[PDB]
Amino acid sequence: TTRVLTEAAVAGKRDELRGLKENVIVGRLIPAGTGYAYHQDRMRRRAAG
Amino acid sequence: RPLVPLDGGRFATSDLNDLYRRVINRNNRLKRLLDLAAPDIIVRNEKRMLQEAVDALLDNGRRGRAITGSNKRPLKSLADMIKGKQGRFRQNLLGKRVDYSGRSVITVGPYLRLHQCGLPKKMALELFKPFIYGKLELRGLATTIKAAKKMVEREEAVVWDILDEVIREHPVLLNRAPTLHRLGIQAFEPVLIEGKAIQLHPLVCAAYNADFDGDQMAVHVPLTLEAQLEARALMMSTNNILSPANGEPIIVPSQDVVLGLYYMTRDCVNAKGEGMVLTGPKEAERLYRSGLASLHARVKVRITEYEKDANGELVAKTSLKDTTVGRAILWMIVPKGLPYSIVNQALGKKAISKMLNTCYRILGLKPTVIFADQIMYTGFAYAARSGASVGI
Amino acid sequence: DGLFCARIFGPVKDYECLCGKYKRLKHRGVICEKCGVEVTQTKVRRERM
Amino acid sequence: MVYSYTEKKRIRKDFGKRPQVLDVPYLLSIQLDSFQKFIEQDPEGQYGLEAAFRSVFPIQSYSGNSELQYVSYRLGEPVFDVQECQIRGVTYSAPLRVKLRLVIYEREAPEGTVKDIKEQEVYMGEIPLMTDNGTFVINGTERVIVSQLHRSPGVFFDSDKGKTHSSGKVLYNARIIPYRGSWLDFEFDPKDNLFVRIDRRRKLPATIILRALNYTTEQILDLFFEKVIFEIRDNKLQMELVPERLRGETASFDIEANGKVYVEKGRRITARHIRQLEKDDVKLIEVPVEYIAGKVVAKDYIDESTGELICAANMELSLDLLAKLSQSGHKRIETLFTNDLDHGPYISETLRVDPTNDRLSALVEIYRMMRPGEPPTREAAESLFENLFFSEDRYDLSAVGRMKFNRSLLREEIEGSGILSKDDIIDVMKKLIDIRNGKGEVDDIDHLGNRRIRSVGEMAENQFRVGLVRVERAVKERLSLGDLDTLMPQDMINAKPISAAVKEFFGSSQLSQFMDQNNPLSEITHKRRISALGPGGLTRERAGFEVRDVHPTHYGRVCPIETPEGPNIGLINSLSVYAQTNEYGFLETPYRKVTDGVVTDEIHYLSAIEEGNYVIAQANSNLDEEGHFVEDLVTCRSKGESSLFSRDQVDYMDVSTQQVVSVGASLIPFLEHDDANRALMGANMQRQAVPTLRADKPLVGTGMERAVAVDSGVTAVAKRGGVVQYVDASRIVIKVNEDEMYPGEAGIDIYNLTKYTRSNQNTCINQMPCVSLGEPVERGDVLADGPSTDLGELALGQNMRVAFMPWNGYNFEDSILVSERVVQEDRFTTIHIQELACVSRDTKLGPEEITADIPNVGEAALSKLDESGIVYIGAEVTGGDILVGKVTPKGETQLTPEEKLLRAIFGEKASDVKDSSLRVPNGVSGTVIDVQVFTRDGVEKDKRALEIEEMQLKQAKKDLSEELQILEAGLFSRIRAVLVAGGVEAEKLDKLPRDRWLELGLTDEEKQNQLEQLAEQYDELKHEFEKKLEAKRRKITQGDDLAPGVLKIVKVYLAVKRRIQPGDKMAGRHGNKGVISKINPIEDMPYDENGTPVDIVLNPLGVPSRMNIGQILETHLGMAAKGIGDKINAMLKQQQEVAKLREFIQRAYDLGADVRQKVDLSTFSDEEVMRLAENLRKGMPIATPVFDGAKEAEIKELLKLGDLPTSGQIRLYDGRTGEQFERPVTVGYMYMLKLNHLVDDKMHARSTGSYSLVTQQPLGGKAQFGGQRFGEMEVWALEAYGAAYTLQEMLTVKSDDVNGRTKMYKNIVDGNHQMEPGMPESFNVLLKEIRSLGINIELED
Amino acid sequence: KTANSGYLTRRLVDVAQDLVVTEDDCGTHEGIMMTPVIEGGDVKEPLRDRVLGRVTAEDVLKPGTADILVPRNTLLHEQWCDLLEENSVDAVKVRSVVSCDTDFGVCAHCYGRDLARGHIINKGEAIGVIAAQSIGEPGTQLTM
RNA sequence: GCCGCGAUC
DNA sequence: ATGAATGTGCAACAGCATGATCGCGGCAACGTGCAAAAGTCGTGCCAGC
Ligand SMILES: [Mg+2]
Ligand SMILES: [Zn+2]
Ligand SMILES: [Zn+2]
């Protein structure tokens, strides 16, 4: 984690929580199975504004 | 970063607190030595000491030796304690300890269905305590929550009845310790038992890789409507029969069931009953249970098969076949739509697996689950009746 | 002004400020004259840096 | 005479077939012997505390003319015995007193003294003692100390497997491992460069230290190489002839011998030419000039004309250089060997690598390399080199290290200084060069001749040495400023560092653990435990596959079976039955000397190194009557391998078939028929069975049960007993037979049995007597059998009528189906004693008195408390009932009017005091046993305390009165004899007390001598009784010096009976285990023809795959034994004649095939035959030794003797349907143990308990109401299923959502089942942690 | 060896966790030649086991030329495989996840029918975790 | 808030 | 024939090595004197019985 954080710190990047590992850490619904439909509805709302 | 308590009002300084307090201890003396017009050497040394202390606080074990506390062990810094193993293993990222969970030794229950697990009534009434409170308050037995608490501790009979009412169709999911593959955590329908150990269905032991020699399993309760549906439509034992690795049926009888099926479907050169002609599989059970014939005798039985060449329709054909009494008895449990050449063998731990696979492929899921339960029941019964024993 | 203090990091014991000058729920977000501890729900010890 | 009294009670039918030569040793000798040699006085300084004292003392100041001279030492008497020390909860130790004096030397007169103060002993330190079983009772515990198996100091050569640089170059390295000090290594480069890794610093040439040993460049070359001389006279340039040197070379020019051609240019190189040249005596001959070009000059010739000379050693020569040396007159030139056939170019290359050629330069170089700080000033480097090596104190090779150093280098002398000299480094460097050259071989690192064993005594000696060094450093400062008035205790004797170090070692160490207390077997196998870990050992992760392997020298010294399974396999061992340690610390094994072809009965003890030279025979080899082997070809072990050798080549003989195995694996019958891993599992599982309610002997054993039980200290063995006088349920007293007595005071031997007492694993320890009354008892006889022991026989299970058959899937996998007659007959019911403690300690606001009167508690909870405030003994308790009524004072000094009216309407305290009363923890039931109140001195004693002290006084006087009764009986007998001798009054004299006023005076001699002496004896005996009675009344009843904060303590014990139940684990002793699955009723178990239903039903499917043939053979053999027992029981039922019963027992005892069992009932009287027959009516307890026991034919004959089916299978009828099972079922009696893994202790269930401040997650583990951890793999499986809502609810609302938990609890109570999730606290903690660094993390909108 | 297999499973799961079937059919024509696995002279994997539960990227041609057997982009199952084995087919080109041609996921057709259920795989299944667990479930029994 | 030690699968 | 740039090879340093349970112990880092204020103690006060 020491290597990854610094290479992420200097670049100032973002996560965007696209995979399964990121959503498990945060505690939201994973984009798979039953939680996949919920993440499909949210994507349209973000794109539509 | 709270202090670790101990006997008396004394509060020991923790590892994180020591690393900080060293930094401020250096900082105050340095910021003092700035204004005293001290010689460059001493302030230089103090700057080096403060810089080293800050580095050790931020990551101990880098840029020189590692500072230690009372014991000759490194004082873990902010790096070593990010979450668990310097990463997010223990306290985050799938490492959360969960409540509404139990743990007890597992034994075997052969009377259980494919989707049932025996749950002790002492783990229940503790996993389902809030549900019991809700049902007690709903029926007016305890107007206040405190009364429900007190009567649950006193464990009256009506509390047991209400627990049985709550349990009725609330699936609960058991898992073993080294969850290797996705079949290592399955959801069963609990049946309360007057006992102290979880009763696991013998068929799912192959999937769990569990044998009853002190093995323990955890019992996690899905406590939400979405969670209950997920544990019923995605995790029920009757749902996942085919292993998601090769397509072969993971839930397949083994050990005593296979021995019983093998002993039932065998042929002896001479036994009680030779060349007898009997009406059907019904007479085979009557002759065997009466003692007039042996399980390994060879007879000719008039038997009916069902066939599925017709589109969605079953056609019945009747013929006279030469088989054994044991095979004729076994045929009574197979569903309609399977050719008789599937039980006219020895059924040695592979023919039975292919029997289940063909039943799944041709018939579906409900018939193959019922078939698996019947197969295990009859295999256990006839293996016990055989009296197979190993001697010197 | 130590590592664990009361002027910053919030209070220590519930909605009670130091010296007992203002220890109630009648006072919200007030600063005692004698001590700089602000009244809060003592769960802010997990947020102030 | 042949059999002892307890052996006459029940004779095990040994199957033998091989006579035993040496009986099993004390079986706990290592621990006791090590501590004895650690404590006992030694005239010399070999070992023990005396050796450490000689090593440190005497001490003196820096030219202060004051020295510390000491003589001897003594260990005081312990102030508590083992039992009281265990009960009270303090360390069993003794004071340490030492005799030492002060001497003051004259300052003006050299070597003269002016004062000599011979002060008395000064107390210093506490040394815990070892109990006679081998345990160190510290802090009220057992705390056994496991011996450590560590690398022996010496010289170790290794090859590093030849794969470091992947070039195929094998690299040889040497190590110098000392007992204490710095290390030293030699290392071979891929480029063949000598590197020395001193104290594991950077790699450094060996030439620097070689020069630092005051060796010049020419001298090192002369020592490390064979120099040759080239003579160039009159331009001939002759060459010396050494035929043995040149083996492989090319003749660059014609070689002529004395003017005659011997070898042509490029001629034959075979040994024939070399032999021909050697045979001809030829002087020096000329050689081509170009040949000498490749040579390197070793010495440095000096020109006689000018001081200029070619001193450049390790350099070649030039053509112009030849003219220069010819002009200078250098007729002879000295050059080294420069030959590379077996030797090679070394040393010189390293001298060319580094240019330091001075001792000072080498010293400063090594000082800078090791210490990168301040450069030295001709003193620091020299001092550092003196301290690093060849130092008396800082560095010290052990005696065993010196022995191994000398043996590895093949030196005749075995003794010497424990320090390494200059020649030693040279010798090891030479040996490394030789091993690189080809001569010699690398030694194995796992050889048991290289792995030393160290015990508790040596470790305690090392700790005491460290403490002694510290106190000596403290003392040295005193004499600098010490005056003559300063006494020894005033000179900082400073016992605190020594006691601190000793107690730190004994209490908190890697190799001093809680002793296992399930069965005597666990204690026995824990005391003699071999551990490779520890301070000087190796880390678990560090151990490779080589260490965890069974080296072929583990034959008779380390068990190959018994070892932990998962993490620690191969790192924890167990000593074999006959193994012991060397005088240096190496494991030996007995062997029998074989002279010619007959094996003698003389026994020689062979270490690991010695046994690799001889030829050792096999225990299972036949013999003749005189002693010769029955075959001319006999299997043997020569050097690690096994082959067949001639009868005349055999040199040594194995003592017995039990030699290889340990104690734990010796108690498995038919061990040879079991798989090795299954035997491992059975041996490990035997050490876990809980002692049941009633001891039950094994129907089939190995005869080693008696040795395990007797030497474990669990039983009570008659030390010198004769005929027992009075047997009690708690006491045994024996009147010793007159033939052997101690003259004066006579006396009897009294045993105080220990009743129900908690063990370390919460199990109960009980001792029940064997002898009834007036039974003669010989030396070594067992009187009281402890937990899991029957008549001195280790019995840790119960025999069960096991049938192997699948029963309707209830014995699926490894499940066990148990009958209900097992439950009814109270088998496997165990007692578990649990300890609950409470201490009354003062606080800021006052004292914490304890009383029954507890405010705010109803009369229901006060029903079971006395006037003092603790539960009555024997009250059955459960749930959470109050145990001790303890109040904690609260602070209040402002009596507000509300408090005033509260005190007015209620009591004076008005319930101000709190109630910190200890309650029964959840899940704990059972009747109380004892209460252990103790009181601080000065304070008023508890009301019940007086009853404890009165009970102690009652038992004390009752125990002392018997010897007084006997002594006054003897005195009365003597007085009666004297009065009968003269003036006898017959019964009149006996009627009047005091011998009827001492029978007046009678004769003058009797009055002056007889009566006066009798009166004097009576008076002094009465006074002696009174003084010791008073002293023992005084010391028992004394105010205990509690902890300063502690005022008064109370402890409560509970006793719970655990009946067998489905979840409880049961296992055999052949590696078969399992959990019960159902307690079936009696009427459902299968029954034979006679109607006896089986007790346990097992699964046959577990035998053929695990290869546990011991199960089947044991069941058959137990069935035969129980058939014999049933025959004897039926015979006793008809009360037939003694002759017929004796004949049957005789015909059943001598059955076998050339068994070494010569018991016979002819020399057995009538009454002991009936006692034996009534003792073995349950079953004839036969014993088959480990590797040579009952065969199939013998078992079949035993079965046929009892009128049973020979094949070992019976027709079993079903209990439910009553239909005969088609195949016969193998029915037999197997010994089933109940392990210590009970479900009552393995169930947990949490809904909402207590969380942690950080991460806000639920706690973990039982006894804390924790929750099962949803691991990473579980979440992966959840993701694989596609179940996302379950994952979300298991990640947020169950663990870390502070508001989510409460919201969802409210929703469930309402009945909503709504998610309403949130944001875990763990991620917020992680964000705060990262923000605490220099990295900023925030959540974007 | 259990530790070294668990570490491998950890790495595989971490690599493959971000993989979910998010599309129905990418329409790509790419495929992989699937011939029965042969070693020396012994038949060691028949084509039936390798091609069962996959989609045909191109129509399989019987030895008789210009004779279609199965339509393009169809799922092979027990009936199709039994019909295919009756003839003398040797090579079948089938679509696989390596050529899914979709972005951030894998088409439901390019990945064949799931092995847990008879029907084709539905959208949203986390195939990467299943694949990693399936690969790492053995390994605690591989002989090393 | 751990560290050692032992044990189970 | 010789110098410089480049590519190759070798040595030192960093991360990492399964999961879930149960049971016992042991266990760290002042001073200073005066203003300035505040609290306290011996003492005298009025109000209730
Ligand atoms: Mg198991
Ligand atoms: Zn305040
Ligand atoms: Zn695709």
# chains A, B, ... in the order shown; residues from 1 in each chain; ligands from 1
>>> residues_near_ligand(ligand="ligand 3", cutoff="12 Å", atoms="only C-alpha atoms (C1' of nucleotides) and all ligand atoms", output="ChimeraX atom specification")
/E:20-31,55,57,73,94-112,123
>>> interface_residues(of="chain B", to="chain F", cutoff="9 Å", atoms="only C-alpha atoms (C1' of nucleotides)", output="list in words")
residues 3, 4, 5, 14, 177, 210, 213, 214, 215 and 216 of chain B
>>> write_last_selection(atoms="N, CA, C and O atoms", output="short mmCIF file (atom, residue, chain, number, x, y, z; two decimals), in the first residue's frame")
data_model
loop_
_atom_site.label_atom_id
_atom_site.label_comp_id
_atom_site.auth_asym_id
_atom_site.auth_seq_id
_atom_site.Cartn_x
_atom_site.Cartn_y
_atom_site.Cartn_z
N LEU B 3 -6.02 5.15 25.18
CA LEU B 3 -5.04 4.55 26.08
C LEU B 3 -5.50 3.16 26.49
O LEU B 3 -6.70 2.92 26.66
N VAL B 4 -4.55 2.24 26.64
CA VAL B 4 -4.90 0.91 27.14
C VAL B 4 -5.07 0.96 28.65
O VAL B 4 -4.14 1.38 29.37
N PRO B 5 -6.23 0.59 29.18
CA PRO B 5 -6.44 0.63 30.63
C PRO B 5 -5.81 -0.57 31.33
O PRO B 5 -5.48 -1.59 30.73
N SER B 14 0.01 4.15 24.81
CA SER B 14 -0.02 3.14 23.76
C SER B 14 1.13 3.37 22.78
O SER B 14 1.94 4.29 22.92
N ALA B 177 -15.17 -22.97 7.69
CA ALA B 177 -14.08 -22.02 7.90
C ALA B 177 -13.33 -21.70 6.62
O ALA B 177 -13.35 -20.53 6.18
N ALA B 210 -16.64 -31.16 4.32
CA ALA B 210 -16.74 -31.28 5.76
C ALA B 210 -17.01 -32.73 6.14
O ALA B 210 -17.88 -33.37 5.55
N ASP B 213 -15.80 -34.93 12.33
CA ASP B 213 -14.81 -35.31 13.33
C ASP B 213 -14.36 -34.09 14.11
O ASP B 213 -13.16 -33.87 14.33
N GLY B 214 -15.31 -33.27 14.55
CA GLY B 214 -15.02 -32.03 15.24
C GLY B 214 -15.15 -30.79 14.38
O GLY B 214 -14.81 -29.70 14.85
N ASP B 215 -15.62 -30.92 13.15
CA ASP B 215 -15.82 -29.77 12.28
C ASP B 215 -16.90 -28.86 12.85
O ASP B 215 -17.89 -29.32 13.43
N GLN B 216 -16.69 -27.55 12.70
CA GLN B 216 -17.66 -26.56 13.14
C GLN B 216 -18.04 -25.67 11.97
O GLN B 216 -17.25 -25.47 11.04
#
>>> interface_residues(of="chain E", to="chain B", cutoff="8 Å", atoms="only C-alpha atoms", output="mmCIF file with N, CA, C and O atoms, in the first residue's frame")
data_model
loop_
_atom_site.group_PDB
_atom_site.id
_atom_site.type_symbol
_atom_site.label_atom_id
_atom_site.label_comp_id
_atom_site.auth_asym_id
_atom_site.auth_seq_id
_atom_site.Cartn_x
_atom_site.Cartn_y
_atom_site.Cartn_z
ATOM 1 N N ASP E 114 -23.287 -20.895 -18.332
ATOM 2 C CA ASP E 114 -22.648 -21.111 -17.044
ATOM 3 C C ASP E 114 -22.725 -22.582 -16.657
ATOM 4 O O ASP E 114 -23.619 -23.317 -17.084
ATOM 5 N N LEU E 115 -21.740 -23.027 -15.887
ATOM 6 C CA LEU E 115 -21.671 -24.438 -15.547
ATOM 7 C C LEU E 115 -22.554 -24.797 -14.362
ATOM 8 O O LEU E 115 -22.820 -25.984 -14.144
ATOM 9 N N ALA E 116 -23.020 -23.807 -13.601
ATOM 10 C CA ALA E 116 -23.892 -24.088 -12.468
ATOM 11 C C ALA E 116 -25.315 -24.409 -12.902
ATOM 12 O O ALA E 116 -26.022 -25.136 -12.196
ATOM 13 N N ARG E 117 -25.752 -23.884 -14.044
ATOM 14 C CA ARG E 117 -27.118 -24.047 -14.510
ATOM 15 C C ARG E 117 -27.119 -24.401 -15.990
ATOM 16 O O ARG E 117 -26.180 -24.092 -16.725
ATOM 17 N N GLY E 118 -28.190 -25.066 -16.421
ATOM 18 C CA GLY E 118 -28.255 -25.530 -17.797
ATOM 19 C C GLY E 118 -28.332 -24.403 -18.810
ATOM 20 O O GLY E 118 -27.716 -24.475 -19.877
ATOM 21 N N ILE E 130 -15.966 -16.231 -9.901
ATOM 22 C CA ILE E 130 -16.246 -17.656 -10.056
ATOM 23 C C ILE E 130 -15.069 -18.359 -10.713
ATOM 24 O O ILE E 130 -14.667 -19.449 -10.293
ATOM 25 N N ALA E 131 -14.497 -17.749 -11.752
ATOM 26 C CA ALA E 131 -13.361 -18.362 -12.433
ATOM 27 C C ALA E 131 -12.156 -18.471 -11.510
ATOM 28 O O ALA E 131 -11.479 -19.508 -11.477
ATOM 29 N N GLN E 133 -12.118 -18.590 -8.184
ATOM 30 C CA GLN E 133 -12.377 -19.600 -7.165
ATOM 31 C C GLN E 133 -12.301 -21.004 -7.744
ATOM 32 O O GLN E 133 -11.823 -21.928 -7.080
ATOM 33 N N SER E 134 -12.788 -21.193 -8.972
ATOM 34 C CA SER E 134 -12.726 -22.512 -9.588
ATOM 35 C C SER E 134 -11.288 -22.931 -9.852
ATOM 36 O O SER E 134 -10.929 -24.096 -9.660
ATOM 37 N N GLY E 136 -8.643 -21.845 -8.183
ATOM 38 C CA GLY E 136 -7.923 -21.992 -6.934
ATOM 39 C C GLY E 136 -8.483 -22.983 -5.941
ATOM 40 O O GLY E 136 -7.857 -23.217 -4.905
ATOM 41 N N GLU E 137 -9.651 -23.563 -6.212
ATOM 42 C CA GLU E 137 -10.189 -24.579 -5.310
ATOM 43 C C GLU E 137 -9.346 -25.845 -5.313
ATOM 44 O O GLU E 137 -9.038 -26.355 -4.222
#
>>> residues_around(residues="range 346-350 of chain B", least_positions_apart="4", cutoff="10 Å", atoms="only C-alpha atoms (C1' of nucleotides)", output="PyMOL selection string")
chain B and resi 252-255+257-267+327+342+354-356
>>> residues_near_ligand(ligand="ligand 2", cutoff="10 Å", atoms="only C-alpha atoms (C1' of nucleotides) and all ligand atoms", output="number ranges by chain")
C: 6-7, 11, 16-23, 30-39
>>> write_last_selection(atoms="C-alpha atoms", output="compact mmCIF listing (two decimals), in the first residue's frame")
# COMPACT_ATOMS: atom_id res chain seq x y z
CA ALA C 6 -10.73 19.24 25.83
CA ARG C 7 -10.33 22.68 24.24
CA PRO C 11 -15.71 17.15 25.12
CA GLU C 16 -20.97 18.06 29.87
CA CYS C 17 -18.25 20.69 29.46
CA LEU C 18 -15.22 21.00 31.71
CA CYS C 19 -15.52 22.63 35.16
CA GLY C 20 -19.29 22.02 35.10
CA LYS C 21 -20.06 25.55 33.93
CA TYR C 22 -22.34 24.39 31.08
CA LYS C 23 -23.37 20.71 31.35
CA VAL C 30 -21.38 27.30 23.27
CA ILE C 31 -17.87 28.11 24.47
CA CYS C 32 -17.32 28.34 28.22
CA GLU C 33 -15.35 31.38 29.34
CA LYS C 34 -13.05 29.40 31.64
CA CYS C 35 -12.54 26.43 29.30
CA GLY C 36 -12.71 26.35 25.51
CA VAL C 37 -14.44 22.97 25.35
CA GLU C 38 -17.59 23.10 23.22
CA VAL C 39 -20.73 21.16 24.11
>>> atom_distance(atom1="CA of residue 382 in chain D", atom2="CA of residue 363 in chain D")
6.5 Å
>>> closest_atom_pairs(of="chain B", to="chain G", cutoff="12 Å", atoms="only C-alpha atoms (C1' of nucleotides)", output="CSV")
residue,atom,partner,partner_atom,distance
B:3,CA,G:28,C1',11.2
B:4,CA,G:28,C1',10.5
B:5,CA,G:28,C1',11.5
B:6,CA,G:27,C1',9.9
B:7,CA,G:27,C1',11.8
B:10,CA,G:28,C1',9.9
B:11,CA,G:28,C1',8.9
B:12,CA,G:28,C1',5.6
B:13,CA,G:28,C1',6.3
B:14,CA,G:28,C1',8.5
B:15,CA,G:28,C1',10.1
B:17,CA,G:29,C1',10.7
B:18,CA,G:29,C1',8.4
B:19,CA,G:29,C1',11.8
B:21,CA,G:29,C1',10.3
B:22,CA,G:29,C1',10.9
B:61,CA,G:14,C1',11.9
B:62,CA,G:14,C1',10.7
B:63,CA,G:13,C1',12.0
B:69,CA,G:28,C1',8.3
B:70,CA,G:28,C1',6.6
B:71,CA,G:27,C1',8.8
B:85,CA,G:16,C1',11.4
B:86,CA,G:15,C1',11.6
B:95,CA,G:19,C1',11.6
B:97,CA,G:20,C1',11.6
B:102,CA,G:21,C1',11.6
B:103,CA,G:21,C1',8.7
B:104,CA,G:21,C1',9.8
B:105,CA,G:21,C1',10.7
B:175,CA,G:20,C1',10.2
B:176,CA,G:20,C1',7.8
B:177,CA,G:20,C1',4.4
B:178,CA,G:19,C1',4.6
B:179,CA,G:19,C1',7.4
B:180,CA,G:19,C1',9.0
B:214,CA,G:21,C1',11.1
B:215,CA,G:21,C1',9.9
B:216,CA,G:21,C1',8.1
B:217,CA,G:20,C1',9.0
B:218,CA,G:20,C1',9.1
>>> closest_atom_pairs(of="chain D", to="ligand 1", cutoff="10 Å", atoms="only C-alpha atoms and all ligand atoms", output="Markdown table")
| residue | atom | partner | partner_atom_place_in_ligand_line | distance |
| --- | --- | --- | --- | --- |
| D:813 | CA | ligand 1 | 1 (Mg) | 8.9 |
| D:814 | CA | ligand 1 | 1 (Mg) | 8.0 |
| D:1073 | CA | ligand 1 | 1 (Mg) | 9.1 |
| D:1074 | CA | ligand 1 | 1 (Mg) | 8.3 |
>>> select_by_dssp(residues="chain E", states="strand (DSSP E)", output="list in words")
residues 32, 33, 34, 37, 38, 39, 42, 43, 44, 45, 92, 93 and 94 of chain E
>>> residues_around(residues="range 859-865 of chain D", least_positions_apart="6", cutoff="9 Å", atoms="only C-alpha atoms (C1' of nucleotides)", output="list in words")
residues 852, 853, 871, 872, 875, 881, 882, 883, 884 and 885 of chain D
>>> interface_residues(of="chain E", to="chain D", cutoff="8 Å", atoms="only C-alpha atoms", output="list in words")
residues 13, 124, 125, 126, 127, 129 and 130 of chain E
>>> residues_around(residues="range 37-39 of chain A", least_positions_apart="5", cutoff="12 Å", atoms="only C-alpha atoms (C1' of nucleotides)", output="list in words")
residues 17, 18, 19, 20, 23, 28, 29, 30, 31, 32, 44, 45 and 46 of chain A; 1282, 1284 and 1285 of chain D; 22, 123, 124 and 125 of chain E
>>> interface_residues(of="chain A", to="chain D", cutoff="10 Å", atoms="only C-alpha atoms", output="ChimeraX atom specification")
/A:5-6,8-10,12,14,16,20-21,23-36
>>> closest_atom_pairs(of="chain B", to="chain A", cutoff="9 Å", atoms="only C-alpha atoms", output="CSV")
residue,atom,partner,partner_atom,distance
B:79,CA,A:2,CA,7.7
B:82,CA,A:1,CA,8.8
B:86,CA,A:1,CA,7.0
B:87,CA,A:1,CA,6.1
B:88,CA,A:25,CA,8.5
B:92,CA,A:25,CA,6.3
B:93,CA,A:25,CA,4.8
B:94,CA,A:24,CA,7.1
B:230,CA,A:34,CA,8.1
>>> write_last_selection(atoms="C-alpha atoms", output="short mmCIF file (atom, residue, chain, number, x, y, z; two decimals), in the first residue's frame")
data_model
loop_
_atom_site.label_atom_id
_atom_site.label_comp_id
_atom_site.auth_asym_id
_atom_site.auth_seq_id
_atom_site.Cartn_x
_atom_site.Cartn_y
_atom_site.Cartn_z
CA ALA B 79 1.96 2.59 8.15
CA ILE B 82 -3.48 1.12 8.05
CA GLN B 86 -0.71 -2.77 6.34
CA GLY B 87 -3.63 -2.91 3.93
CA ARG B 88 -7.36 -3.36 4.54
CA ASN B 92 -12.21 -3.53 6.29
CA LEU B 93 -12.47 -5.21 2.88
CA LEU B 94 -14.47 -8.31 3.72
CA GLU B 230 -31.28 -13.88 -2.09
#
>>> atom_distance(atom1="CA of residue 847 in chain D", atom2="CA of residue 903 in chain D")
20.7 Å
